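Contents: one structure, followed by commentary.
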Amino acid sequence: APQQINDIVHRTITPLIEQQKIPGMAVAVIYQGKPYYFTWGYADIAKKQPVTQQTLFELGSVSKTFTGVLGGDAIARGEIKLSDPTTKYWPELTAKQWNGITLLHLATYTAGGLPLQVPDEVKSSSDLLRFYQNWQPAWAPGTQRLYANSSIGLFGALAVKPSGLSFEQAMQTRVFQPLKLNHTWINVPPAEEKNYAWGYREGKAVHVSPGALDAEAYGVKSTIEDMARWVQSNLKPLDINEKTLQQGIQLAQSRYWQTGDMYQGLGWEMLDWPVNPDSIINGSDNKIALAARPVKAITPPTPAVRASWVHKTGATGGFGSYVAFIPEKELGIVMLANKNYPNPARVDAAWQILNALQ
Ligand SMILES: *[B]([O])([O])[C][N]S(=O)(=O)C1=[C][C]=C(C2=NN=N[N]2)N=[C]1
């Protein structure tokens with residue numbers, strides 16, 4: 001690889017791994033559109049399996065970028081509109097608080113205080129309907145952002161209803177397959193289990209647990225190669241041959257709401273480039289990222305801005321992921337680790353690498 005990339009990646013990631021005690025890590029840098037890969041450590045400590053370019057990591061909430069693009073693709077297909085009431089696709093949602101809550105609100109965490117997590121007690125479909133029927137908003141729709149699996153996860157489930165496909169089938173046929181993400185999974189098949197890293201939480205090997213709306217909110221697993229290809233696809237949607245998927249990618253990077261210096265897309269979040277690094281670094285800390293914040297509507301949404309830092313953090317109990325890219329520079333990074341280590345350390349490392357290469 002070019003020495004500049006080798007040097008800034010190793011000089012940034014080596015200390016990160018040591019400071020954070022990360023058992024295994026994979027990184028891809030996309031530079032002038034081409035990927036360069038780096039790996040360290042162990043996918044499975046007990047079995048002494050190294051991280052490789054074929055290792056599967058849990059993406060956690062980086063999955064929301066796939067959900068947002070799949071929803072964008074459904075909009076481009078004419079199957080749904082973000083202006084549609086949630087009740088168009090779920091007529092059983094008859095409780096009055098749902099009046100005026102649209103798919104846009106669900107997609108962008110602005111419905112009025114849907115919670116981060118669906119309760120673990122929700123195990124059945126009827127439990128899930130009860131949960132949404134009984135939920136009471138703290139705020140009018142379109143006034144406050146509260147990051148939430150229960151919001152964008154319901155968006156993903158409703159977005160695929162007109163297609164008649166399951167969420168997984170829709171994601172496979174409409175997103176994974178056309179983009180040649182052939183080692184990206186909502187459910188890891190038995191044939192791929194040899195590549196599935198263990199996550200590590202307090203020293204214990206763990207994988208993500210089943211939950212309501214898991215696939216839609218936090219349930220994708222992928223390799224560093226496929227994630228590099230996901231970044232390439234989001235960097236340059238105009239190269240994507242499938243028209244609705246190209247359009248869906250563009251829709252997911254539109255700017256729908258502003259809070260502080262950040263703009264909410266569908267799954268993706270964006271800031272103007274050049275960014276103040278303290279603003280994305282500090283902004284990534286869950287003390288800010290998970291907080292309830294007033295939003296300003298962008299009326300109408302701004303189309304995808306090329307001069308953007310576009311990014312998403314993700315975590316499960318055992319894994320920590322981060323993706324960021326700048327379309328105008330054809331530059332991006334993916335960092336996948338099998339420990340959930342603090343967001344700001346991820347973003348700091350990503351910014352150091354990308355800033356040096358820009
Ligand atoms: B995303 O920002 O990564 C979602 N984060 S989360 O705190 O809501 C979350 C959901 C599920 C899990 C999980 N780990 N193992 N099983 N489930 N972890 C975090």
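We label chains A, B, ... in the order they appear in the structure tokens, count residues from 1 in each chain, and number ligands from 1 in the order shown.
Contacts with ligand 1 are defined as any residue atom within 6 Å of a ligand atom, using only C-alpha atoms and all ligand atoms; the residues meeting this criterion are residues 60, 61, 116, 117, 208, 209, 218, 314, 315, 316 and 317 of chain A.
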(message) Using DSSP assignments from the backbone, pull out every residue in stretch 60-297 of chain A that falls under alpha helix (DSSP H) and give it to me as a PyMOL selection string.
(response) chain A and resi 63-76+86-89+103-108+125-134+149-159+167-171+214-218+224-235+243-252+277-283+286-289
(request) Find the residues around residue A:247 up to 12 Å (only C-alpha atoms counted), leave out those fewer than 5 positions away in its own chain, and share them as a PyMOL selection string. (result) chain A and resi 68-78+233-234+236-242+252-254+303-304
Selected residues written out, N, CA and C atoms, as a PDB file, in the first residue's frame:
ATOM      1  N   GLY A  68     -31.648   2.700   6.155  1.00  0.00           N
ATOM      2  CA  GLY A  68     -32.022   3.967   5.545  1.00  0.00           C
ATOM      3  C   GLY A  68     -31.974   3.910   4.023  1.00  0.00           C
ATOM      4  N   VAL A  69     -30.940   3.272   3.482  1.00  0.00           N
ATOM      5  CA  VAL A  69     -30.841   3.099   2.028  1.00  0.00           C
ATOM      6  C   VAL A  69     -31.936   2.198   1.467  1.00  0.00           C
ATOM      7  N   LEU A  70     -32.242   1.104   2.167  1.00  0.00           N
ATOM      8  CA  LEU A  70     -33.346   0.240   1.728  1.00  0.00           C
ATOM      9  C   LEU A  70     -34.644   1.033   1.713  1.00  0.00           C
ATOM     10  N   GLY A  71     -34.875   1.889   2.718  1.00  0.00           N
ATOM     11  CA  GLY A  71     -36.062   2.746   2.713  1.00  0.00           C
ATOM     12  C   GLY A  71     -36.022   3.737   1.572  1.00  0.00           C
ATOM     13  N   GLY A  72     -34.856   4.339   1.326  1.00  0.00           N
ATOM     14  CA  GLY A  72     -34.703   5.234   0.186  1.00  0.00           C
ATOM     15  C   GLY A  72     -35.049   4.534  -1.115  1.00  0.00           C
ATOM     16  N   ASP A  73     -34.615   3.279  -1.250  1.00  0.00           N
ATOM     17  CA  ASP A  73     -34.891   2.506  -2.458  1.00  0.00           C
ATOM     18  C   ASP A  73     -36.404   2.271  -2.617  1.00  0.00           C
ATOM     19  N   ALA A  74     -37.090   2.021  -1.503  1.00  0.00           N
ATOM     20  CA  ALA A  74     -38.532   1.841  -1.526  1.00  0.00           C
ATOM     21  C   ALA A  74     -39.236   3.144  -1.941  1.00  0.00           C
ATOM     22  N   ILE A  75     -38.728   4.292  -1.490  1.00  0.00           N
ATOM     23  CA  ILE A  75     -39.277   5.577  -1.937  1.00  0.00           C
ATOM     24  C   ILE A  75     -39.081   5.748  -3.449  1.00  0.00           C
ATOM     25  N   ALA A  76     -37.869   5.438  -3.919  1.00  0.00           N
ATOM     26  CA  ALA A  76     -37.556   5.553  -5.349  1.00  0.00           C
ATOM     27  C   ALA A  76     -38.419   4.613  -6.215  1.00  0.00           C
ATOM     28  N   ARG A  77     -38.755   3.448  -5.669  1.00  0.00           N
ATOM     29  CA  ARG A  77     -39.661   2.503  -6.342  1.00  0.00           C
ATOM     30  C   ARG A  77     -41.117   2.952  -6.336  1.00  0.00           C
ATOM     31  N   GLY A  78     -41.419   4.012  -5.600  1.00  0.00           N
ATOM     32  CA  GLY A  78     -42.788   4.502  -5.469  1.00  0.00           C
ATOM     33  C   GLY A  78     -43.664   3.684  -4.511  1.00  0.00           C
ATOM     34  N   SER A 233     -19.888   2.568  -2.439  1.00  0.00           N
ATOM     35  CA  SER A 233     -21.205   2.731  -3.076  1.00  0.00           C
ATOM     36  C   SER A 233     -21.866   4.014  -2.603  1.00  0.00           C
ATOM     37  N   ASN A 234     -21.656   4.363  -1.335  1.00  0.00           N
ATOM     38  CA  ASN A 234     -22.251   5.572  -0.782  1.00  0.00           C
ATOM     39  C   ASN A 234     -21.450   6.818  -1.166  1.00  0.00           C
ATOM     40  N   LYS A 236     -20.027   7.257  -4.173  1.00  0.00           N
ATOM     41  CA  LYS A 236     -20.223   7.457  -5.593  1.00  0.00           C
ATOM     42  C   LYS A 236     -21.467   6.698  -6.061  1.00  0.00           C
ATOM     43  N   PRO A 237     -22.662   7.145  -5.636  1.00  0.00           N
ATOM     44  CA  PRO A 237     -23.896   6.449  -6.040  1.00  0.00           C
ATOM     45  C   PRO A 237     -24.130   6.492  -7.559  1.00  0.00           C
ATOM     46  N   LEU A 238     -23.519   7.450  -8.246  1.00  0.00           N
ATOM     47  CA  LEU A 238     -23.769   7.565  -9.676  1.00  0.00           C
ATOM     48  C   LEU A 238     -23.199   6.380 -10.469  1.00  0.00           C
ATOM     49  N   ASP A 239     -22.311   5.609  -9.848  1.00  0.00           N
ATOM     50  CA  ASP A 239     -21.739   4.431 -10.502  1.00  0.00           C
ATOM     51  C   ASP A 239     -22.616   3.184 -10.363  1.00  0.00           C
ATOM     52  N   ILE A 240     -23.627   3.262  -9.497  1.00  0.00           N
ATOM     53  CA  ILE A 240     -24.555   2.165  -9.268  1.00  0.00           C
ATOM     54  C   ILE A 240     -25.565   2.074 -10.411  1.00  0.00           C
ATOM     55  N   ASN A 241     -25.643   0.897 -11.033  1.00  0.00           N
ATOM     56  CA  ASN A 241     -26.463   0.700 -12.221  1.00  0.00           C
ATOM     57  C   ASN A 241     -27.964   0.592 -11.960  1.00  0.00           C
ATOM     58  N   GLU A 242     -28.339   0.065 -10.800  1.00  0.00           N
ATOM     59  CA  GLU A 242     -29.750  -0.065 -10.447  1.00  0.00           C
ATOM     60  C   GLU A 242     -30.307   1.296 -10.064  1.00  0.00           C
ATOM     61  N   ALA A 252     -30.807   8.850   1.176  1.00  0.00           N
ATOM     62  CA  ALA A 252     -30.394   8.585   2.551  1.00  0.00           C
ATOM     63  C   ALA A 252     -29.369   9.619   3.037  1.00  0.00           C
ATOM     64  N   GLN A 253     -28.709  10.315   2.105  1.00  0.00           N
ATOM     65  CA  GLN A 253     -27.785  11.397   2.450  1.00  0.00           C
ATOM     66  C   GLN A 253     -28.374  12.800   2.332  1.00  0.00           C
ATOM     67  N   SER A 254     -29.657  12.895   2.023  1.00  0.00           N
ATOM     68  CA  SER A 254     -30.322  14.199   2.111  1.00  0.00           C
ATOM     69  C   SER A 254     -30.390  14.680   3.543  1.00  0.00           C
ATOM     70  N   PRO A 303     -30.566  18.187  -0.904  1.00  0.00           N
ATOM     71  CA  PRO A 303     -30.040  16.962  -1.505  1.00  0.00           C
ATOM     72  C   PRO A 303     -28.632  16.713  -1.016  1.00  0.00           C
ATOM     73  N   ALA A 304     -28.197  15.459  -1.126  1.00  0.00           N
ATOM     74  CA  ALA A 304     -26.879  15.066  -0.641  1.00  0.00           C
ATOM     75  C   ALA A 304     -25.799  16.071  -1.030  1.00  0.00           C
TER      76      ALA A 304
END
(request) Compile the contact shell of residue A:84 as a PyMOL selection string: residues with an atom at most 8 Å away, counting only C-alpha atoms, same-chain residues fewer than 5 positions apart removed. (result) chain A and resi 102-104
(request) Would you please extract all strand (DSSP E) residues from stretch 35-100 of chain A, as assigned by DSSP on the backbone, and give them as a ChimeraX atom specification? (result) /A:35-44,49-50,57-58
Could you dump the residues just selected with N, CA and C atoms as a PDB file, in the first residue's frame?
ATOM      1  N   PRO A  35      -9.711   0.635  -2.178  1.00  0.00           N
ATOM      2  CA  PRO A  35      -9.568   0.218  -0.775  1.00  0.00           C
ATOM      3  C   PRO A  35      -8.225  -0.383  -0.407  1.00  0.00           C
ATOM      4  N   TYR A  36      -7.817  -0.097   0.826  1.00  0.00           N
ATOM      5  CA  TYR A  36      -6.605  -0.652   1.433  1.00  0.00           C
ATOM      6  C   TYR A  36      -6.980  -1.182   2.798  1.00  0.00           C
ATOM      7  N   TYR A  37      -6.518  -2.396   3.086  1.00  0.00           N
ATOM      8  CA  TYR A  37      -7.001  -3.149   4.222  1.00  0.00           C
ATOM      9  C   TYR A  37      -5.892  -3.395   5.214  1.00  0.00           C
ATOM     10  N   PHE A  38      -6.283  -3.413   6.482  1.00  0.00           N
ATOM     11  CA  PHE A  38      -5.377  -3.661   7.590  1.00  0.00           C
ATOM     12  C   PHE A  38      -6.092  -4.484   8.636  1.00  0.00           C
ATOM     13  N   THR A  39      -5.379  -5.433   9.232  1.00  0.00           N
ATOM     14  CA  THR A  39      -5.984  -6.211  10.294  1.00  0.00           C
ATOM     15  C   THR A  39      -5.001  -6.407  11.428  1.00  0.00           C
ATOM     16  N   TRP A  40      -5.561  -6.646  12.608  1.00  0.00           N
ATOM     17  CA  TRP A  40      -4.787  -6.887  13.821  1.00  0.00           C
ATOM     18  C   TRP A  40      -5.497  -7.890  14.717  1.00  0.00           C
ATOM     19  N   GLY A  41      -4.743  -8.681  15.468  1.00  0.00           N
ATOM     20  CA  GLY A  41      -5.342  -9.389  16.582  1.00  0.00           C
ATOM     21  C   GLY A  41      -6.240 -10.539  16.213  1.00  0.00           C
ATOM     22  N   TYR A  42      -7.212 -10.788  17.096  1.00  0.00           N
ATOM     23  CA  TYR A  42      -7.905 -12.053  17.121  1.00  0.00           C
ATOM     24  C   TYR A  42      -9.399 -11.913  16.937  1.00  0.00           C
ATOM     25  N   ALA A  43      -9.950 -12.730  16.038  1.00  0.00           N
ATOM     26  CA  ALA A  43     -11.399 -12.885  15.883  1.00  0.00           C
ATOM     27  C   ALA A  43     -11.956 -13.782  16.987  1.00  0.00           C
ATOM     28  N   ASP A  44     -11.143 -14.743  17.418  1.00  0.00           N
ATOM     29  CA  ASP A  44     -11.518 -15.703  18.459  1.00  0.00           C
ATOM     30  C   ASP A  44     -10.258 -15.978  19.267  1.00  0.00           C
ATOM     31  N   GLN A  49      -7.894 -17.672  16.368  1.00  0.00           N
ATOM     32  CA  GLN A  49      -8.215 -17.286  14.994  1.00  0.00           C
ATOM     33  C   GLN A  49      -7.941 -15.802  14.802  1.00  0.00           C
ATOM     34  N   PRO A  50      -7.072 -15.470  13.836  1.00  0.00           N
ATOM     35  CA  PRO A  50      -6.734 -14.065  13.581  1.00  0.00           C
ATOM     36  C   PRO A  50      -7.868 -13.351  12.855  1.00  0.00           C
ATOM     37  N   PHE A  57     -17.841  -9.138  11.389  1.00  0.00           N
ATOM     38  CA  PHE A  57     -18.049  -8.375  12.611  1.00  0.00           C
ATOM     39  C   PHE A  57     -19.505  -7.967  12.716  1.00  0.00           C
ATOM     40  N   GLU A  58     -20.019  -7.845  13.932  1.00  0.00           N
ATOM     41  CA  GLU A  58     -21.336  -7.226  14.123  1.00  0.00           C
ATOM     42  C   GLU A  58     -21.216  -5.719  13.916  1.00  0.00           C
TER      43      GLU A  58
END
(message) Excluding stretch 128-139 of chain A and its own-chain neighbours fewer than 5 positions away, which residues fall within 6 Å of it when counting only C-alpha atoms? Please give them as a PyMOL selection string.
(response) chain A and resi 95+112-113+122
If we count only C-alpha atoms, what is near residue A:283 at a cut-off of 10 Å, once residues fewer than 3 positions away on the same chain are taken out, given as a CSV table (one decimal) with N, CA, C and O atoms, in the first residue's frame?
chain,number,residue,atom,x,y,z
A,260,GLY,N,-27.7,21.3,16.2
A,260,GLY,CA,-26.3,21.8,16.4
A,260,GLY,C,-25.6,21.8,15.0
A,260,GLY,O,-26.2,22.4,14.1
A,261,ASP,N,-24.5,21.2,14.8
A,261,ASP,CA,-23.8,21.2,13.6
A,261,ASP,C,-24.0,20.0,12.7
A,261,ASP,O,-23.4,19.7,11.7
A,262,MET,N,-24.9,19.1,13.2
A,262,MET,CA,-25.2,17.9,12.5
A,262,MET,C,-26.5,17.9,11.8
A,262,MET,O,-27.5,18.5,12.1
A,277,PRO,N,-13.0,19.1,14.1
A,277,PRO,CA,-12.9,17.7,14.6
A,277,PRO,C,-13.4,17.5,16.0
A,277,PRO,O,-13.9,16.4,16.3
A,278,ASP,N,-13.3,18.5,16.9
A,278,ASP,CA,-13.8,18.4,18.2
A,278,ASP,C,-15.3,18.2,18.2
A,278,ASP,O,-15.8,17.5,19.1
A,279,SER,N,-15.9,18.8,17.2
A,279,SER,CA,-17.4,18.7,17.1
A,279,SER,C,-17.9,17.3,16.7
A,279,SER,O,-18.9,16.9,17.3
A,280,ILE,N,-17.2,16.6,15.8
A,280,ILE,CA,-17.6,15.2,15.5
A,280,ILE,C,-17.0,14.3,16.6
A,280,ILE,O,-17.7,13.3,16.9
A,286,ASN,N,-21.8,9.3,23.5
A,286,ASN,CA,-23.2,9.0,23.7
A,286,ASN,C,-23.9,10.0,24.6
A,286,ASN,O,-25.1,10.1,24.6
A,287,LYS,N,-23.1,10.8,25.4
A,287,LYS,CA,-23.6,11.9,26.2
A,287,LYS,C,-24.3,12.9,25.4
A,287,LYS,O,-25.2,13.6,25.8
A,288,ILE,N,-23.9,13.0,24.1
A,288,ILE,CA,-24.5,13.9,23.1
A,288,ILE,C,-25.3,13.1,22.1
A,288,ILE,O,-26.5,13.5,21.8
A,289,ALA,N,-24.8,12.0,21.7
A,289,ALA,CA,-25.4,11.3,20.5
A,289,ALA,C,-26.8,10.7,20.9
A,289,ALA,O,-27.6,10.6,20.1
A,290,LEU,N,-26.9,10.4,22.2
A,290,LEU,CA,-28.1,9.7,22.6
A,290,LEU,C,-29.1,10.7,23.3
A,290,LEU,O,-30.1,10.2,23.8
A,343,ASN,N,-17.0,5.7,21.6
A,343,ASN,CA,-17.1,6.4,20.3
A,343,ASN,C,-16.1,7.5,20.0
A,343,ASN,O,-15.6,7.5,18.9
A,344,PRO,N,-15.8,8.3,21.0
A,344,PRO,CA,-14.9,9.4,20.6
A,344,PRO,C,-13.5,8.9,20.2
A,344,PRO,O,-12.9,9.6,19.4
A,347,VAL,N,-13.8,8.1,16.5
A,347,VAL,CA,-13.9,9.2,15.6
A,347,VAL,C,-12.6,10.0,15.6
A,347,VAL,O,-12.2,10.5,14.5
(message) Can you tell me which residues surround residue A:331 at a distance of at most 12 Å, considering only C-alpha atoms, apart from same-chain residues fewer than 5 positions away, and format the answer as a VMD selection string?
(response) chain A and resid 5 28 to 36 228 231 to 236 306 to 310 323 to 326 350 to 351 353 to 358
(message) Can you measure atom CA of residue A:264 to atom CA of residue A:185 for me? One decimal in Å is fine.
(response) 25.5 Å
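With distances restricted to only C-alpha atoms, A:19 is the closest residue to residue A:341 from A:19, A:108, A:3, A:182.
Taking only C-alpha atoms into account, residue A:352 lies nearest to A:16 out of the set A:106, A:45, A:16, A:51.
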